[PDB]
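Engineer: Supplied in structure tokens, the structure appears directly below.
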Amino acid sequence: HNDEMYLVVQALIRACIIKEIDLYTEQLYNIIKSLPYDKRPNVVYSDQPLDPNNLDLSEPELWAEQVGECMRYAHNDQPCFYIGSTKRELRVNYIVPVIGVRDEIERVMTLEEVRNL
Amino acid sequence: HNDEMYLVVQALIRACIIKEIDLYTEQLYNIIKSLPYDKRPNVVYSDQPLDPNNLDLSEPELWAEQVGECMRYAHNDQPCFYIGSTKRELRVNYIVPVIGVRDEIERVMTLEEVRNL
Amino acid sequence: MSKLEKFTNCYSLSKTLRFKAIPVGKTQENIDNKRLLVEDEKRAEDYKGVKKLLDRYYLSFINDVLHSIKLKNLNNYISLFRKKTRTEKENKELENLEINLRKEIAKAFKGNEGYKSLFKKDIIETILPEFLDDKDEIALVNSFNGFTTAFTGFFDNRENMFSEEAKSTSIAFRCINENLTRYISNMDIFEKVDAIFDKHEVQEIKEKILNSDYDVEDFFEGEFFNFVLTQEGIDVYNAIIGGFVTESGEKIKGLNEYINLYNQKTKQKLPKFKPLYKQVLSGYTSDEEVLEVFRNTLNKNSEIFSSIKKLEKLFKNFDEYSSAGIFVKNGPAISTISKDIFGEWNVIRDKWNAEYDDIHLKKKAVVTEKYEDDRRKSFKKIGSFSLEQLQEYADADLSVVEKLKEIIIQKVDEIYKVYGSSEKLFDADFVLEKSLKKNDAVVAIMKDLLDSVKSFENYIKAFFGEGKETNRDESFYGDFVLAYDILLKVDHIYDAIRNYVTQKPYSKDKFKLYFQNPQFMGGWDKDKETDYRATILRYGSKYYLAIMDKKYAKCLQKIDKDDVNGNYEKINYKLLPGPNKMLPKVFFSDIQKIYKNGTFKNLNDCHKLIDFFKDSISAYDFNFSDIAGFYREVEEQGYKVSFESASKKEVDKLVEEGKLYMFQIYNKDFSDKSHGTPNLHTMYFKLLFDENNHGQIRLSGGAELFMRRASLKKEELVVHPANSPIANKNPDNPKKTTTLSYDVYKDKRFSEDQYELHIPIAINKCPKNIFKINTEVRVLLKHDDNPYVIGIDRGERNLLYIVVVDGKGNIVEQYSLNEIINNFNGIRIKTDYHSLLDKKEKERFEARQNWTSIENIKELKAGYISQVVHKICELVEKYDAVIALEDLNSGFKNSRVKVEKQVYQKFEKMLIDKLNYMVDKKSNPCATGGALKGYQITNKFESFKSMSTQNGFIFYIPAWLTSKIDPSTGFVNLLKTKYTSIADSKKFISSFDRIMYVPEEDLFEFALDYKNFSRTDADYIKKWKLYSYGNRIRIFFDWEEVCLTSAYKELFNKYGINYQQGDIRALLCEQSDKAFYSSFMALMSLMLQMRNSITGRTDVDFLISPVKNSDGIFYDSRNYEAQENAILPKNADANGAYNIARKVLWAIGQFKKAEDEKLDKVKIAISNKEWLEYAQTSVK
RNA sequence: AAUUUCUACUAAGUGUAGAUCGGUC
Ligand SMILES: [Mg+2]
Ligand SMILES: [Mg+2]
């Protein structure tokens, strides 16, 4: 019963983390849904939890294309995002905006999403 | 360090709960703010952590008046709701939909909001 | 031409424009560094303390005058009062003598002992510094030196206290009409109780402990009443009636406790004394304080619940007291005492009129409308319905005292139920965890408690007559006056809590700014130039208020004229308004004897005075031409306004240094991104300085400047975000969402500071066409062949209803005012207020707090009636015709309409106020009807009781019998078909001419004489031909629709009679059972029902009459309900407004009979008989 | 849901349509 709370407490912590990322994904889907296809930011795509308050800019698996075509995922009602145009088929569901063109990205881009429009 | 995990684990559980209530508040705000002021549903209102998954319809502190005027909180960007008209000044910040008029009420009308439109 | 062209610039009307001033440049920095708004906020903070000190000096002045005053005429007022009056106008010398008492005591006020240094500036300069010997308060009074203008409303209020006006705020009405009457009543009660009590309890104990100077009995004589004219005499005298602490813990009792102590005959058999009223001069800030008042006032131990216990004990002994003299006041509540004991609202009225026709009415009843009028005023005049008189008005085995006793004990049982549900609120430990403006269930409890106690207050205060009555029972009224004033205290607690909870979350508290000058902006740019230190600059299309400073006031008027750029055009050319009292001082510092002898109030000496005024003057601009119209031309041509230039960078450097303050005069209509139609006051302020304004609208002195702080915090701002859709609320709008590029904040204008500028103007200061309006309206309506009338109706399924009729009686136009059409750039959008109000009432039905909802409904109705005022003014400008708004004074009640009485009083007040000076906003201000030549077609507002029968272009009509009448024939129901007995059922049937069945039309023809029916004097034709046509909705609310002829065939085939013969009346009178006559009177009553409505769902609503016209065709409103131009009314409400409009056409018909100098005396008030003659003859 | 101030609003994008005075208690 000692090491049971290791995985129980880690399960609860990862649950709070993935719910924080889901709330930020809902808000970020609302603002990027409001943007008219040309003020869209360079953005990091993922299909995993990506924790923007603890984002580590050292992994070589990050790219910075311009997002477009925000739409629904209507069998579970989640946000989904296309990383390029419609005819590229790389639909992702965990995005984090970033400053800069690819191969390096600067820090966060916090609270400047509404400032882009 | 034995009963320290009592308050730490309860703090984590209440943190995940209040983040669930914040996520449901954000999604419910978007769905209700889509509706044209006469298809709105009757609403149980509160200013405290309200749980839609563990709501107990037994306390005498609950009403069922029809919501309106979904808007933002300016400095904290939270969602606020008016439970009557604007000129009653009953702005609340934790709402949950329920099918029915005051007192004798039915269920909670889950995932039936989008069907109102 | 029209009639309204002769109604320009008749009299004068003053207005007050309101604007927003915002600082420009570094003026907010100079105000913040020089600390100017720290001397004015603390000055407005210390206003209440100086009010308390002036109340203390006034109380000391009252206790210095009234002490050394003896009286003479008091004994003749006391002795002749209780003489059981012997009216040959001998008690009129008592009344004129009472006037001599008022003029005696306020002659003692106004006459001597100062009184001239009492309402002026020196009362805070000399007397009150020497008086209140204390630096703290004396430093306050010296810190109000020089500003002796903020007290003039206080001084005008306190000067009405020392006068003869017989008002409840005056002191002479307090001492004479309130204290002396209970003093006489206590002398008579003392003479009834006058015996040796115990010969130690009054003369030995009370005299030695209390005063030890003289005796007790002399308090119940005439001249020692002077001794109770102070406050300490009232304190000693009520201390002897009530009790006194003896400056120890002895706690001696009084005389009424001795009457309780006597214990004679298990009734106590004796009256009790009345304590005298005091002199004239004897939390709504938080949440824990209001609940604390609710703790200490209304709990289970205070004086209020104990007074409910004593009043509840008083109505349990309500049988032992003699009911000979217990008076119930005639008013509204007497109807309630008929309803909750007897059958209906009008039962005691029928028994008293049965006493009235027992004397004043003979056989062969000649009952007209005037005998009913004298009977009605004779019922209005009594005011003294006792309980024995109501006992004689009852049937067998119906005790009024027992039914009233059980129902008032039922009402205090309801109070114990509300106190049973209210236990857990003030028990011991209630911490109100929400706000009090949010914790709804607590408000609901306090609302229910204060409404039950206040409703018991009204139903118990029905037992107070007019007073000054006959030998009224003092054994009942001795206890019932001691306990009622506590219940008046719960009336004030109700008004305080209700005036706490309905407060808006922002505030409008402000304070006047002087800028170190007690002369600040009095006039407008006179030759003073350094005391007023304020003027108006203009630049482009923005306006500015320039305020100088005391260090650089006089040296600021050195500014150059026309520069190369930047000219602030300043105002100049001041005014000498009404220069008549300035005029002869130039001339009189043959014609001199003419002026000093006063013979001018003349023609030739007037003309020599014209040439004398022209010759003896020629920096002024005068142009001269009996004496009254000539001084009208002096005041006319003593006005001129023009502008003078300046430089921009000079006064900008004056702003940057600190030698000048500039504010911007600016509202929403002065904005650059503003494209629509402006407000009206914007057109006043822009035409205040316009070129072709010859003097219609001119400035007035006394403009003020306020400063409002911020009441909302930044923590509680709420705002619709930018670039996101938000939904619209008007369901008649083809768009459903909107999206803006910016934010929209809720209550943005109450989160900052604001400068406010109040600028008075004056309209038509020099009238030109002066004539009486009413007589000229009557002359113009006499000499016009084709008038028009607007008929405005309060409505039942509507809110207002409009029917416009012509001079002959043909409906020109008819439409409802449920929805308002707004106009902008050709686009028209409707707004439906009836559904809006139905949604507000639906929100009121489920709120658990109907305090904020009723206030929102009242404010909504005020906005609605302002919109209706616009629509009525466009209708008057269109057809050019008088209004016929129903006279809201005849007492007529209805209780089914939506627009209630108070809202419609406000509507008629807004029509009078708008038609004082009526402006078409979208017109040229130089033509007629514009902003400078507005129409003046209604006199001022005086009171709601002066709304009678005539005001300019407005006629008040006593709506009587206009709702339920046939607009085609003129038939009205004058029968009374309630089933009460079988004998009057047979006489009802005996009165009928001939009840026959026609088979060719399948109808039950009721041809019928009226002359065997009573109260039929108002009718004209007297021979009517009724039928059973159509079907009627039987209301009960079960909504049972009933057809007519199948019901009479259902009743005649039943009970074994026939209907195929002729003259079946006698065969209808051959029955014996009760239910045939009961259901037959029911079918007669439904046959006479003319207005048919569901009153639930709004499916059908119609109006049908059983009488055929002179063409055979019946009237049914459903034939006219769907037409493009109906010639008859379409529903029940167009009938009402149509008939009211035909009443105005009757009065215009009465103007064509009299002569041109007799039109002023022509009576407009139509009776019932003349309206039924005009409605039954003048159709065709 | 923006206002000199009030009422309904969103009415073509920092506003739209009417009403609106006084200083009081
Ligand atoms: Mg406008
Ligand atoms: Mg509003």
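Here's how to read the names in the structure tokens: chain A, B, ... by the order shown, residue numbers from 1 in each chain, ligand numbers from 1 in the order shown.
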Taking a cut-off of 12 Å and counting only C-alpha atoms (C1' of nucleotides) and all ligand atoms, can you build a table that, for each residue of chain D near ligand 1, reports the nearest atom pair and how far apart they are in Å (one decimal), sorted by chain then residue number, as CSV?

Structural biologist:
```
residue,atom,partner,partner_atom_place_in_ligand_line,distance
D:3,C1',ligand 1,1 (Mg),10.0
D:11,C1',ligand 1,1 (Mg),10.6
D:15,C1',ligand 1,1 (Mg),8.6
D:16,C1',ligand 1,1 (Mg),6.1
D:17,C1',ligand 1,1 (Mg),6.7
D:18,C1',ligand 1,1 (Mg),9.0
D:19,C1',ligand 1,1 (Mg),11.9
```

Engineer: Write out as a list in words each polymer residue whose atoms come within 10 Å of residue 8 of chain D, counting only C-alpha atoms (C1' of nucleotides); drop sequence neighbours fewer than 5 positions from it.

Structural biologist: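 In the requested format, the answer is residues 730, 831, 832, 833, 836, 860, 863, 864 and 867 of chain C; 17 and 18 of chain D.
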
Engineer: Which of chain A end up as helix (DSSP H, G or I) when DSSP is run on this backbone - answer as a ChimeraX atom specification?

Structural biologist: /A:4-34,52-54,86-88,114-116

Engineer: Write the residues of the preceding selection, restricted to N, CA, C and O atoms, as a short mmCIF file (atom, residue, chain, number, x, y, z; two decimals), in the first residue's frame.

Structural biologist:
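This is the output file out-v3.cif:
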```cif
data_model
loop_
_atom_site.label_atom_id
_atom_site.label_comp_id
_atom_site.auth_asym_id
_atom_site.auth_seq_id
_atom_site.Cartn_x
_atom_site.Cartn_y
_atom_site.Cartn_z
N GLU A 4 1.46 2.25 -3.95
CA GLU A 4 0.23 2.42 -4.72
C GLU A 4 -0.08 3.89 -4.96
O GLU A 4 -0.51 4.27 -6.05
N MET A 5 0.17 4.74 -3.95
CA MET A 5 -0.04 6.17 -4.08
C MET A 5 0.97 6.84 -5.00
O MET A 5 0.76 8.00 -5.37
N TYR A 6 2.05 6.15 -5.37
CA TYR A 6 2.95 6.65 -6.40
C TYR A 6 2.24 6.78 -7.74
O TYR A 6 2.17 7.88 -8.31
N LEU A 7 1.63 5.69 -8.22
CA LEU A 7 0.88 5.73 -9.46
C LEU A 7 -0.50 6.37 -9.33
O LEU A 7 -1.01 6.90 -10.32
N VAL A 8 -1.10 6.35 -8.13
CA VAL A 8 -2.37 7.06 -7.95
C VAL A 8 -2.16 8.57 -8.01
O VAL A 8 -2.85 9.28 -8.75
N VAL A 9 -1.18 9.07 -7.24
CA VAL A 9 -0.90 10.51 -7.21
C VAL A 9 -0.35 10.98 -8.56
O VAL A 9 -0.74 12.05 -9.05
N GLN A 10 0.51 10.18 -9.20
CA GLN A 10 0.97 10.55 -10.54
C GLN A 10 -0.16 10.52 -11.57
O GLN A 10 -0.16 11.33 -12.51
N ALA A 11 -1.13 9.62 -11.39
CA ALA A 11 -2.29 9.61 -12.28
C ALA A 11 -3.15 10.86 -12.09
O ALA A 11 -3.66 11.42 -13.07
N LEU A 12 -3.29 11.32 -10.85
CA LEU A 12 -4.07 12.53 -10.60
C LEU A 12 -3.35 13.78 -11.10
O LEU A 12 -4.00 14.70 -11.62
N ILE A 13 -2.02 13.83 -10.95
CA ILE A 13 -1.24 14.97 -11.43
C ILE A 13 -1.29 15.04 -12.95
O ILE A 13 -1.55 16.11 -13.52
N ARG A 14 -1.09 13.90 -13.63
CA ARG A 14 -1.21 13.87 -15.08
C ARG A 14 -2.63 14.15 -15.55
O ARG A 14 -2.81 14.68 -16.66
N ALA A 15 -3.64 13.84 -14.73
CA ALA A 15 -5.01 14.19 -15.06
C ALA A 15 -5.24 15.70 -15.00
O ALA A 15 -5.86 16.27 -15.91
N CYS A 16 -4.74 16.36 -13.94
CA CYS A 16 -4.82 17.82 -13.87
C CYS A 16 -4.03 18.49 -15.00
O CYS A 16 -4.48 19.52 -15.53
N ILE A 17 -2.89 17.92 -15.38
CA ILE A 17 -2.09 18.49 -16.47
C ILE A 17 -2.83 18.38 -17.80
O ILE A 17 -2.94 19.36 -18.55
N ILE A 18 -3.37 17.19 -18.10
CA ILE A 18 -4.06 17.01 -19.38
C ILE A 18 -5.38 17.79 -19.42
O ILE A 18 -5.81 18.20 -20.51
N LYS A 19 -5.98 18.08 -18.27
CA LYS A 19 -7.14 18.96 -18.27
C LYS A 19 -6.77 20.44 -18.42
O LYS A 19 -7.55 21.19 -19.02
N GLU A 20 -5.61 20.86 -17.91
CA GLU A 20 -5.10 22.20 -18.20
C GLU A 20 -4.84 22.38 -19.69
O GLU A 20 -5.21 23.41 -20.28
N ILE A 21 -4.21 21.37 -20.31
CA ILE A 21 -3.93 21.42 -21.74
C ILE A 21 -5.22 21.37 -22.56
O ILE A 21 -5.32 22.00 -23.62
N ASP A 22 -6.24 20.67 -22.06
CA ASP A 22 -7.52 20.63 -22.77
C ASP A 22 -8.25 21.97 -22.68
O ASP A 22 -8.87 22.40 -23.66
N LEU A 23 -8.16 22.65 -21.53
CA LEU A 23 -8.79 23.97 -21.41
C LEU A 23 -8.08 25.01 -22.27
O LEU A 23 -8.73 25.82 -22.95
N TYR A 24 -6.74 25.01 -22.25
CA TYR A 24 -5.97 25.91 -23.11
C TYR A 24 -6.18 25.58 -24.59
O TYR A 24 -6.11 26.48 -25.44
N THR A 25 -6.47 24.32 -24.91
CA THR A 25 -6.79 23.93 -26.27
C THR A 25 -8.16 24.44 -26.69
O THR A 25 -8.36 24.84 -27.84
N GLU A 26 -9.13 24.46 -25.75
CA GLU A 26 -10.45 25.01 -26.07
C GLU A 26 -10.40 26.52 -26.28
O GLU A 26 -10.97 27.02 -27.27
N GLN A 27 -9.73 27.25 -25.38
CA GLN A 27 -9.57 28.69 -25.55
C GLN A 27 -8.80 29.03 -26.81
O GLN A 27 -9.26 29.85 -27.62
N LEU A 28 -7.66 28.37 -27.02
CA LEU A 28 -6.81 28.60 -28.18
C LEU A 28 -7.52 28.25 -29.49
O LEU A 28 -7.32 28.92 -30.50
N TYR A 29 -8.38 27.22 -29.45
CA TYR A 29 -9.24 26.91 -30.58
C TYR A 29 -10.27 28.00 -30.83
O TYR A 29 -10.66 28.24 -31.98
N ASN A 30 -10.74 28.67 -29.77
CA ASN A 30 -11.70 29.75 -29.98
C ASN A 30 -11.03 30.96 -30.63
O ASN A 30 -11.57 31.51 -31.60
N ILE A 31 -9.85 31.37 -30.15
CA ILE A 31 -9.21 32.55 -30.71
C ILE A 31 -8.67 32.27 -32.12
O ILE A 31 -8.90 33.06 -33.04
N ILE A 32 -7.99 31.14 -32.32
CA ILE A 32 -7.49 30.81 -33.66
C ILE A 32 -8.65 30.50 -34.62
O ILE A 32 -8.55 30.77 -35.82
N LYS A 33 -9.77 30.01 -34.09
CA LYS A 33 -11.00 29.95 -34.87
C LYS A 33 -11.50 31.34 -35.28
O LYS A 33 -12.05 31.48 -36.38
N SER A 34 -11.25 32.37 -34.47
CA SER A 34 -11.68 33.72 -34.82
C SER A 34 -10.77 34.44 -35.80
O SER A 34 -11.14 35.52 -36.27
N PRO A 52 2.31 23.81 -22.29
CA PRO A 52 2.95 25.08 -22.70
C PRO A 52 3.58 25.87 -21.56
O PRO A 52 4.46 26.69 -21.82
N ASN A 53 3.17 25.64 -20.31
CA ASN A 53 3.82 26.28 -19.18
C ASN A 53 5.12 25.59 -18.78
O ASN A 53 5.84 26.11 -17.92
N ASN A 54 5.43 24.45 -19.38
CA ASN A 54 6.69 23.74 -19.17
C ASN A 54 7.23 23.26 -20.50
O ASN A 54 7.68 22.11 -20.64
N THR A 86 -5.82 22.51 -46.70
CA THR A 86 -6.72 21.37 -46.58
C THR A 86 -6.16 20.15 -47.30
O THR A 86 -6.22 19.03 -46.78
N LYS A 87 -5.56 20.35 -48.48
CA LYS A 87 -5.03 19.25 -49.26
C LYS A 87 -3.59 18.90 -48.87
O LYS A 87 -2.72 18.81 -49.73
N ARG A 88 -3.34 18.71 -47.57
CA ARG A 88 -2.07 18.17 -47.09
C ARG A 88 -2.23 17.02 -46.11
O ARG A 88 -1.31 16.20 -46.03
N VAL A 114 -4.94 37.51 -29.49
CA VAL A 114 -5.96 38.51 -29.77
C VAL A 114 -5.33 39.79 -30.29
O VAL A 114 -5.99 40.59 -30.96
N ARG A 115 -4.04 40.00 -30.00
CA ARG A 115 -3.33 41.17 -30.49
C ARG A 115 -2.97 41.07 -31.97
O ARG A 115 -2.66 42.09 -32.58
N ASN A 116 -3.01 39.86 -32.54
CA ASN A 116 -2.67 39.69 -33.95
C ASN A 116 -3.74 40.26 -34.87
O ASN A 116 -3.45 40.58 -36.03
#
```

Engineer: Using only C-alpha atoms (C1' of nucleotides) and all ligand atoms, which residues of chain D come within 12 Å of ligand 2, and what is the closest atom pair for each, with the distance in Å to one decimal? Give it as JSON lines, sorted by chain and residue number.

Structural biologist:
```
{"residue": "D:1", "atom": "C1'", "partner": "ligand 2", "partner_atom_place_in_ligand_line": "1 (Mg)", "distance": 8.1}
{"residue": "D:2", "atom": "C1'", "partner": "ligand 2", "partner_atom_place_in_ligand_line": "1 (Mg)", "distance": 10.2}
{"residue": "D:3", "atom": "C1'", "partner": "ligand 2", "partner_atom_place_in_ligand_line": "1 (Mg)", "distance": 9.5}
{"residue": "D:5", "atom": "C1'", "partner": "ligand 2", "partner_atom_place_in_ligand_line": "1 (Mg)", "distance": 12.0}
{"residue": "D:6", "atom": "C1'", "partner": "ligand 2", "partner_atom_place_in_ligand_line": "1 (Mg)", "distance": 8.8}
{"residue": "D:7", "atom": "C1'", "partner": "ligand 2", "partner_atom_place_in_ligand_line": "1 (Mg)", "distance": 7.0}
{"residue": "D:8", "atom": "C1'", "partner": "ligand 2", "partner_atom_place_in_ligand_line": "1 (Mg)", "distance": 7.5}
{"residue": "D:9", "atom": "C1'", "partner": "ligand 2", "partner_atom_place_in_ligand_line": "1 (Mg)", "distance": 8.1}
```

Engineer: Let me see the file: selected residues, N, CA and C atoms (P, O5', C5', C4', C3', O3' and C1' of nucleotides), as a PDB file, in the first residue's frame.

Structural biologist:
```pdb
ATOM      1  P     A D   1     -25.776  44.942 -21.374  1.00  0.00           P
ATOM      2  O5'   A D   1     -24.386  44.355 -21.882  1.00  0.00           O
ATOM      3  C5'   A D   1     -23.181  45.133 -21.780  1.00  0.00           C
ATOM      4  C4'   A D   1     -23.153  46.172 -22.870  1.00  0.00           C
ATOM      5  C3'   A D   1     -24.362  47.107 -22.907  1.00  0.00           C
ATOM      6  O3'   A D   1     -23.957  48.437 -23.220  1.00  0.00           O
ATOM      7  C1'   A D   1     -24.141  46.014 -24.983  1.00  0.00           C
ATOM      8  P     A D   2     -24.737  49.693 -22.603  1.00  0.00           P
ATOM      9  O5'   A D   2     -23.656  50.857 -22.693  1.00  0.00           O
ATOM     10  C5'   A D   2     -22.320  50.651 -22.209  1.00  0.00           C
ATOM     11  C4'   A D   2     -21.339  51.472 -23.009  1.00  0.00           C
ATOM     12  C3'   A D   2     -21.801  52.881 -23.393  1.00  0.00           C
ATOM     13  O3'   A D   2     -20.738  53.815 -23.256  1.00  0.00           O
ATOM     14  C1'   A D   2     -21.104  51.718 -25.314  1.00  0.00           C
ATOM     15  P     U D   3     -20.751  54.862 -22.059  1.00  0.00           P
ATOM     16  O5'   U D   3     -21.864  55.899 -22.508  1.00  0.00           O
ATOM     17  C5'   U D   3     -21.602  56.837 -23.541  1.00  0.00           C
ATOM     18  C4'   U D   3     -22.792  57.719 -23.839  1.00  0.00           C
ATOM     19  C3'   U D   3     -23.276  58.612 -22.700  1.00  0.00           C
ATOM     20  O3'   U D   3     -23.773  59.821 -23.265  1.00  0.00           O
ATOM     21  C1'   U D   3     -25.043  57.251 -23.420  1.00  0.00           C
ATOM     22  P     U D   5     -24.114  60.367 -18.035  1.00  0.00           P
ATOM     23  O5'   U D   5     -25.678  60.256 -17.767  1.00  0.00           O
ATOM     24  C5'   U D   5     -26.244  60.693 -16.541  1.00  0.00           C
ATOM     25  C4'   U D   5     -27.743  60.798 -16.636  1.00  0.00           C
ATOM     26  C3'   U D   5     -28.463  59.543 -17.088  1.00  0.00           C
ATOM     27  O3'   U D   5     -28.649  58.604 -16.048  1.00  0.00           O
ATOM     28  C1'   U D   5     -29.287  61.399 -18.291  1.00  0.00           C
ATOM     29  P     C D   6     -28.696  57.038 -16.389  1.00  0.00           P
ATOM     30  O5'   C D   6     -30.161  56.821 -16.975  1.00  0.00           O
ATOM     31  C5'   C D   6     -31.304  57.005 -16.153  1.00  0.00           C
ATOM     32  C4'   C D   6     -32.591  56.950 -16.939  1.00  0.00           C
ATOM     33  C3'   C D   6     -32.845  55.694 -17.747  1.00  0.00           C
ATOM     34  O3'   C D   6     -33.321  54.631 -16.950  1.00  0.00           O
ATOM     35  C1'   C D   6     -33.416  57.608 -19.020  1.00  0.00           C
ATOM     36  P     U D   7     -32.973  53.115 -17.328  1.00  0.00           P
ATOM     37  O5'   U D   7     -33.900  52.808 -18.583  1.00  0.00           O
ATOM     38  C5'   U D   7     -35.304  52.696 -18.442  1.00  0.00           C
ATOM     39  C4'   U D   7     -35.989  52.587 -19.781  1.00  0.00           C
ATOM     40  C3'   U D   7     -35.505  51.486 -20.702  1.00  0.00           C
ATOM     41  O3'   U D   7     -36.000  50.207 -20.361  1.00  0.00           O
ATOM     42  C1'   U D   7     -35.768  53.486 -21.929  1.00  0.00           C
ATOM     43  P     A D   8     -35.124  48.899 -20.544  1.00  0.00           P
ATOM     44  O5'   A D   8     -35.084  48.720 -22.124  1.00  0.00           O
ATOM     45  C5'   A D   8     -35.983  47.794 -22.762  1.00  0.00           C
ATOM     46  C4'   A D   8     -36.269  48.194 -24.191  1.00  0.00           C
ATOM     47  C3'   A D   8     -35.333  47.626 -25.251  1.00  0.00           C
ATOM     48  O3'   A D   8     -35.711  46.313 -25.632  1.00  0.00           O
ATOM     49  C1'   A D   8     -35.608  49.927 -25.628  1.00  0.00           C
ATOM     50  P     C D   9     -34.664  45.119 -25.522  1.00  0.00           P
ATOM     51  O5'   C D   9     -33.309  45.772 -26.033  1.00  0.00           O
ATOM     52  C5'   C D   9     -32.667  45.283 -27.221  1.00  0.00           C
ATOM     53  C4'   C D   9     -32.572  46.384 -28.244  1.00  0.00           C
ATOM     54  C3'   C D   9     -31.469  46.223 -29.273  1.00  0.00           C
ATOM     55  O3'   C D   9     -31.892  45.344 -30.311  1.00  0.00           O
ATOM     56  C1'   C D   9     -31.513  48.453 -28.453  1.00  0.00           C
TER      57        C D   9
END
```

Engineer: Leaving out residue 25 of chain D and any residue of its chain fewer than 2 positions from it, which residues lie within 10 Å of it when counting only C-alpha atoms (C1' of nucleotides), given as a list in words?

Structural biologist: residues 153, 154 and 157 of chain C

Engineer: Select from segment 133-256 of chain C everything DSSP, run on the backbone, classes as strand (DSSP E), then give the selection as a ChimeraX atom specification.

Structural biologist: /C:243-244,252-253

Engineer: For residue 95 of chain A, find every residue with an atom within 10 Å (counting only C-alpha atoms (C1' of nucleotides)), except residues of its own chain fewer than 2 positions away, and show them as a PyMOL selection string.

Structural biologist: chain A and resi 21+24-25+28-29+43-50+52+67+79-83+92-93+97-98

Engineer: Could you please tell me, as a PyMOL selection string, which residues of chain C have an atom within 9 Å of chain D when using only C-alpha atoms (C1' of nucleotides)?

Structural biologist: chain C and resi 15-20+153-154+666-668+673-677+680-681+719-720+728-730+738-749+756-758+822-824+827+829+831+833+859-864+866-867+869-870

Engineer: Figure out the distance between atom CA of residue 184 of chain C and atom CA of residue 221 of chain C, please, to one decimal in Å.

Structural biologist: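 Taking atom CA of residue 221 of chain C as the start and atom CA of residue 184 of chain C as the end point, the length is 8.9 Å.
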
Engineer: Counting only C-alpha atoms, which residues of chain C come no farther than 10 Å from chain A, as an MDAnalysis selection string?

Structural biologist: chainID C and resid 721:725 741

Engineer: Rounded to one decimal place, report the atom CA of residue 638 of chain C-atom CA of residue 584 of chain C distance in Å.

Structural biologist: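 Atom CA of residue 638 of chain C sits 15.5 Å away from atom CA of residue 584 of chain C.
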
Engineer: Interatomic distance between atom CA of residue 800 of chain C and atom CA of residue 899 of chain C?

Structural biologist: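 Atom CA of residue 899 of chain C lies at a distance of 7.9 Å from atom CA of residue 800 of chain C.
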
Engineer: Set the distance at 10 Å and use only C-alpha atoms (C1' of nucleotides): which residues neighbour residue 1180 of chain C once local chain neighbours fewer than 4 positions away are removed? I'd like the list as an NGL selection string.

Structural biologist: :C and (968-969 or 1110 or 1176)

Engineer: Could you pull the residues within 12 Å of residue 654 of chain C, counting only C-alpha atoms (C1' of nucleotides), minus those fewer than 4 positions along the same chain, as number ranges by chain?

Structural biologist: C: 25-27, 30, 546-549, 552-553, 555-559, 647-650, 658-662

Engineer: If you count only C-alpha atoms (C1' of nucleotides), which residues fall within 12 Å of residue 137 of chain C, apart from same-chain ones fewer than 2 positions away, as a PyMOL selection string?

Structural biologist: chain C and resi 46-54+124+128-135+139-144
